[PDB]
Structure formats: C-alpha cells, structure tokens
Amino acid sequence: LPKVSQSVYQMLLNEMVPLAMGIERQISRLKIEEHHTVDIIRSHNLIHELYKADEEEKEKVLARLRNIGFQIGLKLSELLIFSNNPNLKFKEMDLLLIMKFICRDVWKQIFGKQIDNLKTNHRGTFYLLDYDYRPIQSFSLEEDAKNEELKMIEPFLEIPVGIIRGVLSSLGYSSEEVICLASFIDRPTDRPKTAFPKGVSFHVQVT
Amino acid sequence: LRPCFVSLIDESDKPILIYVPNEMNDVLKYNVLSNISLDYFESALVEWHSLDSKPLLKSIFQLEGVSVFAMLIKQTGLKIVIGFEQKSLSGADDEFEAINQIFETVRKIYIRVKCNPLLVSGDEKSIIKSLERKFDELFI
Amino acid sequence: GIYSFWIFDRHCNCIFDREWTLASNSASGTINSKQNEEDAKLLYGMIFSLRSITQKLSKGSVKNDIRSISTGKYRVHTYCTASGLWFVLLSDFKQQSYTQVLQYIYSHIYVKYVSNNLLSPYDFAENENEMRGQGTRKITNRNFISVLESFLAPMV
Amino acid sequence: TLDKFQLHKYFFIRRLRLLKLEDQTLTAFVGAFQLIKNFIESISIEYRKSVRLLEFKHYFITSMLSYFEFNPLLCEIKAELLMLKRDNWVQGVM
C-alpha cells in the first residue's frame, strides 16, 4: 500500500496554528508571485501573536482549529471502519468499546505510538492519558521562560481534541452531547524524561 | 450481472439514492421494493452475521421477479439494497461471490464520494450527482 | 577531545557559541557570551577566505568544499551545507576527522530542535539591518543546548 | 428430471425433520423459515424453463404453511409465507 514520509506529514500537521491565526487575521514581508504582490507573514510570529492578541480572538482561532480537527476525524473514521472493521455498533453498546477502538486504531494511524492508559469512571467522563505527545516533542522557548511554554503551546492541543470529537461523531453521539478538553496536568510519572517535560490529558465527557 | 436497482439508506431511514440503470414506471416498482426491504434489518426473522466482524450478504426476500440482496454496516448504520433479475442468475456459488464483490465496489464508491473534501457539510444534491455519475461509469 | 563549537548561517552572523576548558565535562561553558564575539568574526573570516581560495583554484564539476584546517597546535573541523549553515569545531588532533560527528549534529540536533521547532525562528536576521554580520540573535533553545551538551560530553 | 429433483426433495425433508423439531422453540421456527426460504429460492432459480414450476410452487407453499398452525414471530413468518404465495399466484395468473 502507498506510503508518505512521516516528517513532511508531521510538518503539515503542526502547520495549522499558523494557519488558524493567519486566516482569521486575513478575514479581519511583501512578495511577488509573477506580477502581483502577496503578503507573507512568518510562521513563528503567528504563534506569538496568538498568545498575545485577545481572548475573543483566541477563542475564534481555537474554534476554527477544532473544526479542522473535527473534519479530519470525521473523514478518517469511515476509512478506518472500512479497513480495520472494529466490533462496534452504531449508537452505544458501551462507551468503553468506542474509546478502546479510538486508542487502539486512530492514534496508531495518526501518531506513531499507541496512546497510554485511560481512566474510567464507568458512568460519565473518560480520561485519555498520553505521554510525550509526538507532534510537539521539539517545541521550546528558553531555559528560564518555562511558564510561557505551557500557555503558548495550548492552541496546538486542539487538533487531537477535534479528531476525537469527529471520531465520536459519525459513530452515534453527535457534537452536542460530547464535550472534550485537553490539558497539561499530566506528570512524567516514572518513564524516562523526553525533550518536552509535560504530558497530555484528554478529558472527554459524553451523555 | 446487471443489477436492476441499487439503494442506499442511512441510519435515520433517509434514502440517499435509489438509482436505476436506465420502462418509465419501473422506478416506482423498484422504490416500493426498497421501502419494503428497509424494515428487514430490524427484525428477528433474519439472523444477521454478528460473527468475526465482517459484513455479510443476505438474500433478504424475493417479490415480483426481483431477487433482492442487502447488506448492513453495523458500525455506521448504512444499508445497501440491490436487486437482480431471475433471468440473469444461474444460482452458482461464484455468482454469489461476484454479487458480494459488486456490493464491495458500491460501498467503496459511496465511501470515496462521502470523503470528498469539498462536500460542504450535508449538501445532498452534490452527493446524488457524484454517486449518479460514478454509477453510470461503473454500470455501463 | 574538543575546545569550542560554532554555528554560522547564510547571513554571515554567528548563531551559536560554546567554549570548553580542561577535560572535566562540566567545564566553563559560557554559551553565547559577549566575550567571544571578537574571536568569532575573524574565525568566520578565515573560513570564508580559505573557502574562496578553495573554490577559485578548484577543478572538475563539483565545486569542492573545505573539510578541515590544521594549525600548529589545534585544528578546525568544518562542515558547510547547501543552505548556508556552517558547523565549525576547534579540537586537538587525536583522530582523523569529525565529518560524521558534525553530520550527526546537523541531522539530529539542529534539524530536529530548531528547524522543526516552530516556536523558535529560522534565518535569524529579521527585517534587514542585521543580514550582513551585524547582529546577535543567537539560539537559546532549552532542548538544543541540553541535547548538544549531552552529545559532546563524552568527547572532550 | 429424475437426476436432481427427488434428491432435492428427500434432502430437504430430511433436513427440516432432523435439524429442527416443531412445536415451540422459536429459534427452530426462525431456522425453519430460513431453510424454506433458501429451498424455494434454490428450486425457483435453477429449475427455470420448467413449464410446471408455478403450479408446483403454489401447492408447495400452501402445503408447507400447514405446519405453522396450532406469538408475533410465528404470525410474521406466516404473513411472509402468505406474501410469497400471493406473489407467485399473481406471477402465474398474469
């Protein structure tokens, strides 16, 4: 089956927060193609701008990026069901099977590693815990500016939330009974320390 | 093997497409047959596969000179119903496998059209047009 | 093992400085210190001048690049990429060449933690006025310094 | 044709006898309906060009209905079998 280099794919997948800020600014470095000038804005400047622009601007950008992730998950789910063919039913036998399918297949196909353990309250919310979170393994600012790090990577954490929300959609529950939130509250408990210090937790609730 | 009609229905019993590969009022007959077949899925009369996690083809029934098979996609809830003539079936095992293969091609076409990254959110007319031209390309 | 490590870019501006001392791994590592700004421009002048000499008298159809330059005491190991990013390294002799080491640095430290590090910039000369050797925007990425020190710790 | 007809009949009756017993056991009823549906499809599909097919079919269905006579499932099976009988009656008379 055909393949593509993982490096270029990860580079494209990281290149959504600069998209999300730049397109929003366009709705709201001069350069020539062949005869007409087009403005190009450097990618790294847009992450700074998204950090320090506005609360409503940030909310709009995050919603847009969540929509991108939703589309990715919605389109990917059908092909995964056609190929791997899990033992799920349409609406709900139990949410544990659905989340097990997501963990075993979706993260295997998108990222290079199976997502780690997951909590289960057995009635309400599910916590998906991921250690070292591949697409930001080489993301840093400064030796001292550590608190800025967590607050300014936060927009990058929306695309997997969108992916989970989309995969939940087209599988029964729609995007009105499902609320999902990402956070950095995870610790590197006992695994070897990687580049990035903090883990990722996906708090997803359905009803 | 030339199917008489191919019908696609979603979870919510909404027919996407009841295309017939063109007699003028046979569309009514085929659409009635599709409506009749729609209720067989939620019925204890027929035991669905539910084994090894593979879609299974079933000869759901035959009315008025149309042997009609159907497949249920338990994961998504999609429902394919396709009919054939009696005159064009010899009832061999290889024919059954071929019919399963044509069901697989239909499902492939449906998935590939739905995953088009220009469908806005739910514009049904575009889906009908795309599936219709694809089915014209295949069944010809 | 080694004595100091330098990184320049297309814009003739020194991007990284790391100076070592006696063979203790936790040496006097003054990173990006202003006190070595003087003895980096003339190193770049050496490398550019001898590179020009090498290209001028070259033959064939490859446009060769300088590999190493040895003085009486120390020697210089240099690796120049097509993107205009020079990796220089001062070291005592002790062994043939550091081409594999510099290639590994470029292909597993810089490329991983700077180019693929969208938080940080690239082509550090920004908006003119420092494109031609007059400026300082040296990298201070936590992962870059940490991993680089870990990699050069055995060799010193 | 004596090569395959009575062989089919004998195998079918032995199958419906030994495989399932009548009189309750709704799973047995479901499987019996499956068996008769497969058999009637098989005898209709590949004995075509037999001039007495439909005369056989109507009598076969109405005779086989007699066993389902003493719940919603049994009523639904009876209704489906009557529907097949009616459809073949129309296809012959027209």
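Residues numbered from 1 in each chain as written, not as in the entry; some residues may be left out. Chains lettered and ligands numbered in written order. Part of a larger assembly, values for the part shown. Heavy atoms only, no water. Residues with missing side-chain atoms left out of burial classes, pairs and counts.

Points about the interface of chain A and chain C
At step 1: Between chain A and chain C, the contact holds 20 residues from the first and 13 residues from the second.
At step 2: The contact between chain A and chain C buries some 1,600 Å² in all, and 52% of this surface belongs to carbon and sulfur atoms.
At step 3: Contact with chain C buries surface across chain A, with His44(A), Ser138(A) and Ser140(A) losing the most and accounting together for 35% of the total.
At step 4: Counting across the interface, chain A meets chain C through one salt bridge.
At step 5: Among the salt bridges present, the one from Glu149(A) reaches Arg142(C), with a minimum N-O distance of 2.8 Å.
At step 6: Taken together, the connections running from chain A to chain C amount to seven residue pairs in polar contact.
At step 7: Listed by contribution, the elements that provide at least two residues to the side of chain A that touches chain C are α1 (6–14), α3 (43–51) and α6 (147–153) of chain A. (Contact = heavy atoms within 4.5 Å. Buried area = accessible area lost by both parts, 1.4 Å probe. Salt bridge = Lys/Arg side-chain N within 4 Å of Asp/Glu carboxyl O. Polar contact = N/O pair within 3.5 Å; in protein donor to acceptor, adjacent residues only side chain to side chain. Helix = DSSP H or I, 4+ residues; strand = E, 2+ residues; numbered from the N terminus.)

Considering a negative patch on the surface
At step 1: A contiguous patch of negative charge on the surface is contributed by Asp54(A), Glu55(A), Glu56(A) and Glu59(A).
At step 2: You can see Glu56(A) is positioned in helix α4 (residues 55–83). (Patch = residues over 30% accessible without salt bridge, like charges linked within 9 Å, V, L, I, M, F, W, Y side chains within 5 Å. Areas by Shrake-Rupley, 256 points an atom, 1.4 Å probe, with all protein chains shown as cover. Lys, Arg positive; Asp, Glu negative; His and termini not counted. Charge placed at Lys NZ, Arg CZ, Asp CG, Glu CD.)

Let's talk about a nonpolar patch on the surface
Residues and elements named next belong to chain D.
At step 1: A cluster of nonpolar side chains, namely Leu7, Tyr10, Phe11 and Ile13, defines an oily patch on the protein surface of about 420 Å² accessible area.
At step 2: Examined against the element boundaries, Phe11 turns out to sit in helix α1 (residues 5–18).
At step 3: Assessed through its relative accessible area of 54%, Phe11 is described here as exposed. (Buried < 20%, exposed > 50% of the residue type's maximum accessible area, 1.4 Å probe, protein only.)

Digging into the interface of chain A and chain B
At step 1: Facing 12 residues of chain A, the contacting portion of chain B comprises 14 residues.
At step 2: Its residues placed into classes, the side of chain A that touches chain B shows seven nonpolar, two polar and three charged. (Nonpolar A, V, L, I, M, F, W, Y, C, P; charged D, E, K, R; others polar.)

Some thoughts on the pairing of strand β1 (residues 5–9) of chain B
Along a regular strand, successive side chains alternate from one face of the sheet to the other.
Residue and element names in this part refer to chain B.
At step 1: β1 sits mainly inside the fold: five of its five residues count as buried.
At step 2: What you see with β1 is no split at all: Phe5, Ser7 and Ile9 on one side and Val6 and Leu8 on the other are buried throughout.
At step 3: In the sheet, β1 pairs with strand β5 (residues 79–84) via five bridges, with the strands oriented antiparallel. Paired with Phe5 across the strands is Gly83, a residue of β5.
At step 4: Counted along the chain from β1 to the antiparallel partner strand β2 (residues 15–17), the turn is five residues long, and its residue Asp13 has a positive phi close to 60°. (Pairing = 2+ DSSP bridges.)

Examining helix α2 (residues 17–27) of chain A
At step 1: Residues of α2(A) that are buried: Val17(A), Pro18(A), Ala20(A), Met21(A), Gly22(A) and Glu24(A).
At step 2: Lining the buried residues of α2(A) we find α1, α3 and α4 of chain A.

What about the state of the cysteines?
Residue and element names in this part refer to chain C.
At step 1: Following the criterion strictly, the structure yields zero disulfides over all chains and no others.
At step 2: There is no disulfide at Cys12, and the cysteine sulfur nearest it, in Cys14, is 11 Å away.
At step 3: Given a relative accessible area of 32%, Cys12 falls into the partly exposed group. (Disulfide = S-S within 2.5 Å.)

All we've got here are geometric facts, nothing functional implied.
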